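Heads up: the structure comes next, in C-alpha cells.
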Ligand code: NA
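Numbering (the authors' numbering), first residue to last: 88 to 172.
Here it is in C-alpha cells:
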C-alpha cells in the first residue's frame, strides 16, 4: 500500500524564538526520533512552529509523547487535536 500512510503534525516551540533558534531546537528532536526508529521530515513554517511529517503516520502519537516531554516544546497538534506541552 502507498496512500494514507503518512501523517502531518504541527510542533510548537516555547518563548519567542527566532526562526533559526526553533530550527536548531526542532532539528534536535527530529534526529532523536530518527535515531529511535521514528522517521519524519521537518519543515519550519513559523518562527516558533514546525511541521513534522511522519513517514509512518501511525508513529505520530508515540512521537508526540516524546515531544511534549521536552522543555522547549509548547505543544503538538495531530489532526486538529492539540496536546499541550
Ligand atoms: Na512554557
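We put the beta carbon where it would ideally sit given N, CA and C, even for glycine.
Short check: CB of residue 117 to CB of residue 129, under 8 Å? yes
Cβ distance (whole Å) where residue 161 is taken to contact residue 101 below 8 Å: 5 Å
Between residue 165 and residue 151, is the Cβ-Cβ spacing less than 8 Å? yes
Leaving aside the five residues before and after residue 132 along the sequence, list all residues of the same chain whose C-beta is less than 8 Å from its C-beta, in chain order. 97 and 138
Any heavy atom of the ligand NA inside 7 Å of the beta-carbon of residue 101? yes
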